[PDB]
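Have a look below at one chain only, the form deposited in one PDB entry, in structure tokens format.
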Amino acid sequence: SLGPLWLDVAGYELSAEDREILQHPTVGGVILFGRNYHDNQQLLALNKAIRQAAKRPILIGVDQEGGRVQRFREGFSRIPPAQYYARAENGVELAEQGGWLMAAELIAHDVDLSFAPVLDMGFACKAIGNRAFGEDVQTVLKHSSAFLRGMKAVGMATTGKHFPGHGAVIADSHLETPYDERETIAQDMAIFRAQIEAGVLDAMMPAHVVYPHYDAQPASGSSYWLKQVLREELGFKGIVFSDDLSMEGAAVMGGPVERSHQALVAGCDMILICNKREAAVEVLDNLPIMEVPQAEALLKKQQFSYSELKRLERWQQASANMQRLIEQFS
């Protein structure tokens, strides 16, 4: 937790070079991907090794939303697309089972957090699609609040994304960054405002999206979006993540070093450099030695094994119900 930088590792086991870089104080987390996941035991061993190499507390995170975005599937309960809960007759009840189950099984495998939930509105943006909980404000709020309650219940920190709303985004040749040219995105942002005000988000990830009515920069590299709006207008007090600086970020600024500088000056607390070990190293060398003490809030609050978890009727039911829900609409 201590440092701002999130990076990844190459495979199923920690390398000797991994063990060295994990000790760099500017590192605060490892983001895991599908290529880091083979099986439950291998995952447990990998995370144990990460925490031992780091020595100090360190965050381990994953994109585990359900549906199209679930890095760990084999040997885990399948989680439905976030869209599916609101299609069921008891959606709010099931959304909480989905969030609880997703979070519980990650904690059982020594993972601190999932970069979830998606608070975007609508299904028309290809990148989002059925990752959204609904296509109007109330449906999104109702079902995302349930999912959040489930995460909270097991001690997992929560991350709203992709602020200030990725639901209506276009990524064609009209501009060089995905964009949303609407004169107002008030409804999209109202979802974020509501969850911020309810105090249910520990963290926030911004969208790599330009909203030209508002500001020239992608929100993820925008002083307006991340300070003026997110902090001053909206009163968000949690952790702000960057986007993946390796393929997103303020691309016009230059390389990883320039993108990292812009993310931090814009108001990100923590920065992500994925898929590019040599870029992570470059950024570590460029930056001051940095600390993010408030990121300790993101470390998981509970500890238990998968065996212990499965003894809960709550697990027995949630797991079965998620499989039913998937089968109901797939």
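In this text, rigid core is short for the largest set of C-alphas that superpose within 1.5 Å between two forms. Residues that one form lacks are left out of the comparison. Residue positions are given as counts along the sequence shown, with the first one as 1.
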Stretch with the greater mean C-alpha B-factor as recorded in the entry, comparing 96-104 against 174-182: 174-182
Higher-B stretch (mean Cα B-factor, as the entry records it), 247-255 or 68-76: 247-255
Top Cα B factor in the deposited entry, candidates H162, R87, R131, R149: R87
Entry-reported Cα temperature factor of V200, expressed as the chain third it lands in: highest
Among modelled residues of the same chain, the CA temperature factor third for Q42: middle
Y12 by Cα B-factor - lowest, middle or highest third of the modelled chain: highest
Third of chain Cα B-factors occupied by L234: highest
Lowest, middle or highest third - CA B-factor, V137: highest
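Form deposited in another entry: not shown, discussed below.
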Rigid-core-referenced C-alpha movement of 2 Å or more between this form and the one not shown, selected from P117, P80, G249, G165: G249
Threshold 2 Å Cα movement between this form and the one not shown for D136, core superposed: no
Exceeds or equals 2 Å, Cα of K126 between this form and the one not shown, core fit: no
Cα displacement of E176 between this form and the one not shown reaching 2 Å, rigid core superposed: yes
Cα-Cα shift for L264 and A251, closer or farther in the other entry, minimum 3 Å: farther
Pair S173/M205, Cα separation in the other entry versus the displayed form, closer or farther by 3 angstroms or more: closer
Consecutive-residue runs (3+) with Cα displacement of 2 Å or more between this form and the one not shown, core aligned: 173-176, 248-252
